[PDB]
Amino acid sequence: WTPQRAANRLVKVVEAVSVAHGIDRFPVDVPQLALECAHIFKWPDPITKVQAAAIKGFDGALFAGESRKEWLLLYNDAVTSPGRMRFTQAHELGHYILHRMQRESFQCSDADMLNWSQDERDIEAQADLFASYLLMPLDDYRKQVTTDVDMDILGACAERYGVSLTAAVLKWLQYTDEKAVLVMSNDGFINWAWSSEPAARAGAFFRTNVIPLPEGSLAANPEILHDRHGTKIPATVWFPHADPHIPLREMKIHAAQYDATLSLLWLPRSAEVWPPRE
């Protein structure tokens, strides 16, 4: 099984069960799927318990029982949010479907839940991709982002799918044809960055080292608490090799669910920011 094929099957289950009950599909009820997952995939070793706990040091876990005949899905419910809990549950369900023959257990941190990538050998990234496909099926998500993008629109996605704002933005970056970069920072320093595919192709990405924010950015000003629609500034503030007249829109919002600052940078479709070829 792959993240996309496994999620596709479970999205069909969600659709069918929601219709049968006469209820909304979203947000997805992950515990219900987890308890049915062995039946849905025709396996003998089910998840038999999905349990909230106050967990220190990680956010979710999947533990094989004695003789690997049943599995326990534990998720943190302390100092978190419903959207983080739902994503953690889906992430652990991803390990159950995709990875459980590799290990006796999985214990997964908030960082694991933010590490979305397309590297198929990174099991944390693969569980994140699974969770993104299950919780935010693209057919439906695309209908939520049409004529404009801003933190209000992406916040509405987060509410609709029952995920964090960060997860809703990452989903958009996963598929958009726009050139955009999300930067998560704390106390003036960049901790994570993620680029849309067009941005990455154009050189607009940051490898993460703890690196200060640009001194002229909206992000770096503690006084600016939020800018949900995005102020137009020179692209060179963030991407020094951009041509000097290229603008960028910089959005800013406090990520309550992660207690950090999110900066969403939106570049023109034509922008290229690679350095000169020496």
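Numbers for residues come from their place in the sequence shown, where the first is 1.
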Just how many deposited residues go unmodelled from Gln118 to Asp119: none, 1 to 3, 4 to 9, or 10 or more?
none
Between 25-33 and 61-69 (mean CA B-factor, as deposited), the higher
61-69
Given the B-factors recorded for C-alpha atoms, which segment has the greater mean, 247-255 or 218-226?
218-226
Options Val237, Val50, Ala54, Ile211 - largest CA temperature factor per the record:
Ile211
Quick one: which of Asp187, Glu92, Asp128, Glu197 has the biggest Cα B-factor according to the entry?
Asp187
Consider only the C-alpha atoms of the modelled residues in this chain, order them by B-factor as the entry records it, and name the third containing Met101: lowest, middle or highest.
middle
Can you tell me whether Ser263 has a C-alpha B-factor in the lowest, middle or highest third compared with the other modelled residues of the same chain?
lowest
Chain thirds by Cα B factor, record data; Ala204 belongs to the lowest
Considering only modelled residues of the same chain, in which third does the CA B-factor of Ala78 rank: lowest, middle or highest?
highest
Compared with the other modelled residues in the chain, in which third is the CA B-factor of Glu159?
middle
